[PDB]
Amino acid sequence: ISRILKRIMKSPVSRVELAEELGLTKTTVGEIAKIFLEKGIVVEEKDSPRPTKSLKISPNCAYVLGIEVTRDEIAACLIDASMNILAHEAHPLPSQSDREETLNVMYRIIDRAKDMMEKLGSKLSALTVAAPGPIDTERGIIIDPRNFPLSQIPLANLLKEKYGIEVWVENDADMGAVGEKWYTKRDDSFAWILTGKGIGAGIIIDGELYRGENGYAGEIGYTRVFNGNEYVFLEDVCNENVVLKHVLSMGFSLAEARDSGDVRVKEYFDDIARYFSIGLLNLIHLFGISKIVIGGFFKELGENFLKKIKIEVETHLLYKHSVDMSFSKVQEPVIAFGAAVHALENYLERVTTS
């Protein structure tokens, strides 16, 4: 294999650094550098301080689009090969959208990105669609049994056909995690937790995305939770809808609740933090991780809510050791962005292999 490409993407790096840090011959890398450097994928430049030259990905060699699909909205993120965001957007969907209605918005978005590059004399080279639930990553199909207008449909294929580019389909929480990895320049281990409409985790280990054998991983949304009457999934309780709909009962705006200073709100948020923790504790106790990053809906609850989760987790932890809870602070769209970067690796990995 190669994937010095993986490292050149990580950051500018010289031939000596690659050969040493990865392990290989000066003549092996020197030749591959010749290919990359010829294909217009990479460039060599003197470093800002005898002297030395590094390898950098050339922004011009690839433009790719990432997309996130939710029940209420579709977001897109267009990047160059340096993963600079050229444009990002979001098109809401109508109440209860069809297969056909949802696809139309998606086609619209892709046509917009295809056209925008073509007017700038270049092209859209590939695309990665991010969606909820389990996914057939090899065939490019959304397996999610739950009512989604894009389930059991050869999505990658119909897009490939229609557009003549490379298309992948990928779990949304996984792509959120990929988004944090790159936007934060991390290479450690953590879990990126998706919240709002759906619950799930993207699991990153030593900088790589963790993958399951059956199209899913980190699925903490199916954590069995007993509410006092019957059992429910953790996803049914943390759902952004169920939360605000319940606050319609409370009387309280979506935010005002906390500003209300009502014990009833405190105890309701405590209920959710407790449940949520059960799922986090599973991840921690099973994967043996320490770092967790929360994204989406739960950000809106603030550090007052994060303090409770921290506490619930400290309390029920297997033994006393440090655990880092945090919110994501990536400017939106974090999932569409991760999906875009996913498309970039996979497109560059494919182009070099030929």
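Start at 1 and count along the sequence shown; that's the residue number.
- Coordinates are given for every residue of the deposited sequence from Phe269 through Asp270, so that no gap is recorded there.
- For the pair 144-152 and 81-89, the mean Cα B-factor is higher in 144-152.
- Judged by mean Cα B factor in the deposited record, 156-164 ranks above the other of 280-288 and 156-164.
- Comparing the C-alpha B-factors of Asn227, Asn214, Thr128, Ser125 in the entry, the top value falls on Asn227.
- Which of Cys61, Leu65, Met325, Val69 has the largest Cα B-factor in the deposited entry comes down to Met325.
- Ranked against the other modelled residues of its chain, the C-alpha B-factor of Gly251 as given in the entry falls in the highest third.
- Remark: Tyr210 belongs to the lowest third of its chain, ranked by C-alpha B-factor as recorded.
- Sorting the modelled residues of the chain by their CA temperature factor places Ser54 in the lowest third.
- When the CA B factors of the chain's modelled residues are split into thirds, the value for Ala75 lands in the lowest one.
- Annotation for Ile41: CA B-factor lies in the middle third of the chain's modelled residues.
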